[PDB]
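Below is final_1.pdb, which holds PDB, C-alpha atoms.
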MODEL        1
ATOM      1  CA  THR A  51      82.122-239.490 162.120
ATOM      2  CA  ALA A  52      79.071-237.233 161.836
ATOM      3  CA  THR A  53      75.970-239.327 162.432
ATOM      4  CA  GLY A  54      72.329-238.260 162.528
ATOM      5  CA  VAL A  55      70.472-237.767 165.808
ATOM      6  CA  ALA A  56      67.123-236.314 166.813
ATOM      7  CA  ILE A  57      66.746-232.795 168.184
ATOM      8  CA  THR A  58      65.715-233.862 171.693
ATOM      9  CA  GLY A  59      68.305-236.639 171.738
ATOM     10  CA  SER A  60      71.537-237.368 173.542
ATOM     11  CA  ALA A  61      75.031-236.663 172.290
ATOM     12  CA  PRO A  62      76.553-239.206 169.869
ATOM     13  CA  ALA A  63      79.678-241.294 170.375
ATOM     14  CA  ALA A  64      83.225-239.956 170.305
ATOM     15  CA  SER A  65      85.211-239.418 167.117
ATOM     16  CA  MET A  66      88.645-238.024 166.254
ATOM     17  CA  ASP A  67      91.119-238.267 163.375
ATOM     18  CA  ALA A  68      94.309-240.319 163.305
ATOM     19  CA  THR A  69      97.868-239.770 162.088
ATOM     20  CA  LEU A  70     100.395-242.482 161.193
ATOM     21  CA  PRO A  71     104.248-242.664 160.896
ATOM     22  CA  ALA A  72     106.605-243.786 158.065
ATOM     23  CA  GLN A  73     110.006-244.990 159.535
ATOM     24  CA  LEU A  74     111.796-245.486 156.098
ATOM     25  CA  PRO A  75     115.294-246.684 157.189
ATOM     26  CA  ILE A  76     118.616-245.241 156.014
ATOM     27  CA  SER A  77     121.434-247.388 157.419
ATOM     28  CA  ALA A  78     121.915-250.715 155.690
ATOM     29  CA  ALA A  79     124.209-250.646 152.689
ATOM     30  CA  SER A  80     126.727-248.678 150.655
ATOM     31  CA  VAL A  81     127.383-248.538 146.899
ATOM     32  CA  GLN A  82     131.158-248.799 146.411
ATOM     33  CA  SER A  83     133.959-249.366 143.870
ATOM     34  CA  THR A  84     137.719-250.106 143.848
ATOM     35  CA  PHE A  85     140.364-249.889 141.128
ATOM     36  CA  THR A  86     143.909-250.604 142.574
ATOM     37  CA  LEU A  87     146.481-249.014 140.276
ATOM     38  CA  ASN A  88     150.230-249.680 140.569
ATOM     39  CA  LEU A  89     152.999-247.167 141.227
ATOM     40  CA  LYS A  90     155.114-247.624 138.092
ATOM     41  CA  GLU A  91     152.083-247.423 135.761
ATOM     42  CA  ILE A  92     151.207-243.883 136.850
ATOM     43  CA  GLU A  93     154.752-242.822 135.930
ATOM     44  CA  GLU A  94     155.341-244.643 132.644
ATOM     45  CA  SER A  95     151.918-243.770 131.192
ATOM     46  CA  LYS A  96     152.771-240.067 131.265
ATOM     47  CA  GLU A  97     155.046-240.547 128.236
ATOM     48  CA  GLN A  98     153.723-243.711 126.588
ATOM     49  CA  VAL A  99     150.260-242.183 125.951
ATOM     50  CA  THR A 100     149.596-239.477 123.353
TER      51      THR A 100
ATOM     52  CA  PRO B   2      54.796-257.508 168.024
ATOM     53  CA  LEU B   3      54.620-254.372 165.869
ATOM     54  CA  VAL B   4      57.402-252.097 164.639
ATOM     55  CA  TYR B   5      55.618-248.954 163.416
ATOM     56  CA  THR B   6      57.556-245.785 162.519
ATOM     57  CA  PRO B   7      55.823-242.477 161.627
ATOM     58  CA  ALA B   8      55.232-242.760 157.923
ATOM     59  CA  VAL B   9      56.189-239.282 156.731
ATOM     60  CA  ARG B  10      59.715-239.386 155.393
ATOM     61  CA  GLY B  11      61.836-236.819 157.215
ATOM     62  CA  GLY B  12      59.492-235.744 159.996
ATOM     63  CA  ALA B  13      59.117-238.754 162.276
ATOM     64  CA  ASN B  14      59.355-237.355 165.829
ATOM     65  CA  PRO B  15      59.124-233.559 165.746
ATOM     66  CA  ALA B  16      60.723-231.308 168.316
ATOM     67  CA  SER B  17      57.945-228.744 167.887
ATOM     68  CA  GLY B  18      55.417-231.321 169.069
ATOM     69  CA  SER B  19      53.111-230.963 166.048
ATOM     70  CA  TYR B  20      53.498-234.036 163.858
ATOM     71  CA  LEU B  21      52.040-232.987 160.517
ATOM     72  CA  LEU B  22      50.313-235.775 158.603
ATOM     73  CA  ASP B  23      51.061-235.695 154.900
ATOM     74  CA  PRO B  24      47.956-235.226 152.713
ATOM     75  CA  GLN B  25      46.541-238.446 151.324
ATOM     76  CA  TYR B  26      43.706-239.416 149.032
ATOM     77  CA  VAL B  27      41.113-241.361 150.823
ATOM     78  CA  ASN B  28      38.172-242.738 148.769
ATOM     79  CA  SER B  29      40.879-244.149 146.368
ATOM     80  CA  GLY B  30      39.509-241.272 144.294
ATOM     81  CA  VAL B  31      38.246-237.963 145.148
ATOM     82  CA  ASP B  32      38.974-236.680 148.683
ATOM     83  CA  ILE B  33      42.075-235.220 150.331
ATOM     84  CA  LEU B  34      42.515-235.444 154.112
ATOM     85  CA  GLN B  35      45.271-233.071 155.453
ATOM     86  CA  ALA B  36      45.521-233.907 159.143
ATOM     87  CA  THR B  37      47.961-232.870 161.831
ATOM     88  CA  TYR B  38      48.653-234.535 165.188
ATOM     89  CA  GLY B  39      49.606-232.766 168.406
ATOM     90  CA  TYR B  40      51.689-234.669 170.936
ATOM     91  CA  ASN B  41      51.553-234.691 174.747
ATOM     92  CA  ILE B  42      49.070-232.100 176.014
ATOM     93  CA  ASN B  43      47.514-233.559 179.220
ATOM     94  CA  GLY B  44      50.507-235.363 180.695
ATOM     95  CA  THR B  45      52.922-237.586 178.842
ATOM     96  CA  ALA B  46      52.008-241.325 178.807
ATOM     97  CA  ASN B  47      51.758-244.421 181.021
ATOM     98  CA  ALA B  48      53.343-246.959 178.592
ATOM     99  CA  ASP B  49      49.942-248.001 177.269
ATOM    100  CA  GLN B  50      49.604-244.565 175.709
ATOM    101  CA  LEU B  51      52.765-245.198 173.705
ATOM    102  CA  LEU B  52      51.036-248.284 172.288
ATOM    103  CA  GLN B  53      47.551-246.956 171.593
ATOM    104  CA  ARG B  54      49.185-243.980 169.857
ATOM    105  CA  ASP B  55      51.217-246.566 167.954
ATOM    106  CA  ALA B  56      47.952-247.819 166.398
ATOM    107  CA  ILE B  57      46.053-244.531 166.048
ATOM    108  CA  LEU B  58      48.730-243.383 163.623
ATOM    109  CA  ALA B  59      48.633-246.830 162.011
ATOM    110  CA  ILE B  60      44.898-246.581 161.265
ATOM    111  CA  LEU B  61      45.403-243.025 159.966
ATOM    112  CA  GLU B  62      48.574-243.245 157.844
ATOM    113  CA  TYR B  63      48.047-246.628 156.186
ATOM    114  CA  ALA B  64      44.411-247.680 156.557
ATOM    115  CA  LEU B  65      42.278-244.812 155.255
ATOM    116  CA  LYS B  66      44.526-244.543 152.196
ATOM    117  CA  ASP B  67      43.973-248.269 151.595
ATOM    118  CA  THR B  68      41.262-249.373 149.176
ATOM    119  CA  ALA B  69      40.351-252.629 150.946
ATOM    120  CA  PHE B  70      40.022-251.386 154.522
ATOM    121  CA  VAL B  71      37.494-248.757 153.450
ATOM    122  CA  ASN B  72      35.356-251.388 151.712
ATOM    123  CA  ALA B  73      35.383-253.519 154.862
ATOM    124  CA  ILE B  74      34.303-250.532 156.950
ATOM    125  CA  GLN B  75      31.633-249.936 154.301
ATOM    126  CA  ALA B  76      30.183-253.434 154.753
ATOM    127  CA  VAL B  77      29.810-252.792 158.487
ATOM    128  CA  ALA B  78      27.702-249.713 157.706
ATOM    129  CA  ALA B  79      25.323-251.856 155.618
ATOM    130  CA  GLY B  80      24.508-254.178 158.504
ATOM    131  CA  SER B  81      20.835-254.381 159.409
ATOM    132  CA  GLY B  82      21.304-253.072 162.960
ATOM    133  CA  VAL B  83      23.665-250.135 162.435
ATOM    134  CA  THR B  84      22.113-246.677 162.892
ATOM    135  CA  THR B  85      22.967-243.500 164.902
ATOM    136  CA  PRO B  86      26.744-243.798 164.576
ATOM    137  CA  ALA B  87      27.694-244.666 168.107
ATOM    138  CA  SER B  88      26.364-248.154 167.388
ATOM    139  CA  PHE B  89      28.498-248.223 164.241
ATOM    140  CA  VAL B  90      31.677-247.863 166.280
ATOM    141  CA  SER B  91      30.479-250.506 168.748
ATOM    142  CA  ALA B  92      29.503-253.008 166.049
ATOM    143  CA  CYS B  93      33.001-253.070 164.575
ATOM    144  CA  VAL B  94      34.465-253.656 168.049
ATOM    145  CA  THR B  95      32.605-256.983 168.215
ATOM    146  CA  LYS B  96      34.165-257.728 164.831
ATOM    147  CA  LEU B  97      37.617-256.803 166.174
ATOM    148  CA  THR B  98      37.522-259.234 169.115
TER     149      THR B  98
ATOM    150  CA  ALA C   2     127.585-247.246 169.137
ATOM    151  CA  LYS C   3     127.118-248.919 172.503
ATOM    152  CA  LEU C   4     127.010-245.590 174.355
ATOM    153  CA  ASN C   5     124.356-243.927 172.187
ATOM    154  CA  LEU C   6     122.264-247.066 171.909
ATOM    155  CA  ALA C   7     119.277-246.603 174.236
ATOM    156  CA  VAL C   8     119.502-242.813 174.715
ATOM    157  CA  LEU C   9     118.158-242.137 171.227
ATOM    158  CA  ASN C  10     115.149-239.936 170.557
ATOM    159  CA  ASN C  11     112.557-239.794 167.777
ATOM    160  CA  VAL C  12     112.387-236.361 166.167
ATOM    161  CA  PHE C  13     109.523-236.593 163.571
ATOM    162  CA  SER C  14     109.823-234.051 160.762
ATOM    163  CA  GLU C  15     107.327-231.264 160.044
ATOM    164  CA  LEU C  16     105.864-233.178 157.122
ATOM    165  CA  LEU C  17     102.279-234.033 157.993
ATOM    166  CA  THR C  18     100.446-234.898 154.782
ATOM    167  CA  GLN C  19      96.662-234.971 154.510
ATOM    168  CA  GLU C  20      95.390-237.976 152.569
ATOM    169  CA  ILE C  21      91.593-237.747 152.714
ATOM    170  CA  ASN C  22      88.930-236.336 150.373
ATOM    171  CA  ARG C  23      86.663-234.043 152.408
ATOM    172  CA  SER C  24      85.135-232.129 149.502
ATOM    173  CA  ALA C  25      81.596-230.740 149.619
ATOM    174  CA  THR C  26      81.281-229.726 145.983
ATOM    175  CA  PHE C  27      77.537-230.041 145.406
ATOM    176  CA  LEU C  28      76.729-228.271 148.668
ATOM    177  CA  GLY C  29      78.797-225.289 147.557
ATOM    178  CA  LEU C  30      76.408-224.168 144.816
ATOM    179  CA  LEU C  31      72.873-224.821 146.129
ATOM    180  CA  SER C  32      72.094-221.153 147.073
ATOM    181  CA  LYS C  33      71.516-221.702 150.794
ATOM    182  CA  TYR C  34      68.655-220.140 152.783
ATOM    183  CA  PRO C  35      67.543-219.930 156.422
ATOM    184  CA  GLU C  36      64.234-221.405 157.521
ATOM    185  CA  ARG C  37      62.903-220.955 161.049
ATOM    186  CA  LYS C  38      59.632-222.833 160.575
ATOM    187  CA  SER C  39      58.418-226.398 161.037
ATOM    188  CA  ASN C  40      58.042-227.356 157.358
ATOM    189  CA  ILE C  41      57.920-225.717 153.935
ATOM    190  CA  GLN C  42      54.492-225.774 152.290
ATOM    191  CA  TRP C  43      54.155-224.727 148.652
ATOM    192  CA  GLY C  44      51.454-225.482 146.135
ATOM    193  CA  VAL C  45      51.834-227.354 142.853
ATOM    194  CA  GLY C  46      49.180-226.840 140.205
ATOM    195  CA  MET C  47      48.134-229.768 138.037
ATOM    196  CA  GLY C  48      45.085-228.888 135.962
ATOM    197  CA  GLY C  49      42.065-230.814 134.830
ATOM    198  CA  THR C  50      39.747-228.405 133.037
TER     199      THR C  50
ENDMDL
END
How does this structure look as structure tokens?
Amino acid sequence: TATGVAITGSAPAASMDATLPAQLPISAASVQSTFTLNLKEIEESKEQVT
Amino acid sequence: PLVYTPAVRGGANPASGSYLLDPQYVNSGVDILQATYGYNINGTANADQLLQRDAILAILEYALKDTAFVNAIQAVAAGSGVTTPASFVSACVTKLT
Amino acid sequence: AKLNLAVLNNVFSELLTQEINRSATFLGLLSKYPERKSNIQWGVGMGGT
């Protein structure tokens, strides 16, 4: 703050800026997927598919 | 019970010590005034002299500009026992008590 | 992590962002001057002839 005081007056009150944090968490969850293919299907679909 | 402030806008309590009265127009017509006012020159004050000064500037900023105070100080000067104007200033004191 | 559970430290990034409008735009074009005197006195002319 910058207030108005007289010339032959005392000093004003104290004043100083302020800074603030953010904290924004990154450990809660996980986007995932599964598909579970067999072991014969990966062999027979190398000839059955054009 | 009075809350007077010096009536010029940005020059209320000067650090130079010379409070300059703004020019004002006194008969409601025709005359300019142009005063100044020097502060503490033979001491400072004894807490009555902050209050008499509080009314000297009141009778000088607001009263001589006014068009009804000057008519009431005119009607004192038309009294039938008011001559040699040190009896003029003592006849309005008996009014003001 | 029970070991590294209370021996953690906060290591704020170098990303301070200013979020205030301290702009003196009209003061920046008024053609400033010094004045070491009590008060400026100039004279305005009306007329009346």
- request: Pull out every residue that the PyMOL selection byres ((chain A) within 9 of (chain B)) matches in the shown coordinates and put them as a list in words.
  value: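 Against this file, the PyMOL selection byres ((chain A) within 9 of (chain B)) returns the residues residues 56, 57 and 58 of chain A.
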Please build the interface table for chain A against chain C with a cut-off of 12 Å, listing for each qualifying residue the nearest atom pair and the distance in Å to one decimal; count only C-alpha atoms, order rows by chain and increasing number, and write it as a tab-separated table.
residue	atom	partner	partner_atom	distance
A:67	CA	C:21	CA	10.7
A:68	CA	C:19	CA	10.6
A:69	CA	C:17	CA	8.3
A:70	CA	C:17	CA	9.2
A:71	CA	C:13	CA	8.5
A:72	CA	C:13	CA	9.5
A:73	CA	C:13	CA	9.3
A:74	CA	C:13	CA	11.8
query: Could you write out as a list in words the residues of chain C within 10 Å of chain B, counting all atoms listed in the file?
result: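 Listed by rising number, the hits are residues 38, 39 and 40 of chain C.
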message: When you look at residue 58 (chain B) with a cut-off of 12 Å (counting all atoms listed in the file), what residues show up, excluding the ones that are within fewer than 6 positions of it in the same chain? I need them as a PyMOL selection string.
response: chain B and resi 5-9+13+20-23+36-40+51-52+64-65
Next, write the just-selected residues to a file, as a short mmCIF file (atom, residue, chain, number, x, y, z; two decimals), in the frame of the given file, keeping C-alpha atoms as the atom set.
data_model
loop_
_atom_site.label_atom_id
_atom_site.label_comp_id
_atom_site.auth_asym_id
_atom_site.auth_seq_id
_atom_site.Cartn_x
_atom_site.Cartn_y
_atom_site.Cartn_z
CA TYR B 5 55.62 -248.95 163.42
CA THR B 6 57.56 -245.78 162.52
CA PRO B 7 55.82 -242.48 161.63
CA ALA B 8 55.23 -242.76 157.92
CA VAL B 9 56.19 -239.28 156.73
CA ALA B 13 59.12 -238.75 162.28
CA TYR B 20 53.50 -234.04 163.86
CA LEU B 21 52.04 -232.99 160.52
CA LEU B 22 50.31 -235.78 158.60
CA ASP B 23 51.06 -235.70 154.90
CA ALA B 36 45.52 -233.91 159.14
CA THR B 37 47.96 -232.87 161.83
CA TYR B 38 48.65 -234.54 165.19
CA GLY B 39 49.61 -232.77 168.41
CA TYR B 40 51.69 -234.67 170.94
CA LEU B 51 52.76 -245.20 173.70
CA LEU B 52 51.04 -248.28 172.29
CA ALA B 64 44.41 -247.68 156.56
CA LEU B 65 42.28 -244.81 155.26
#
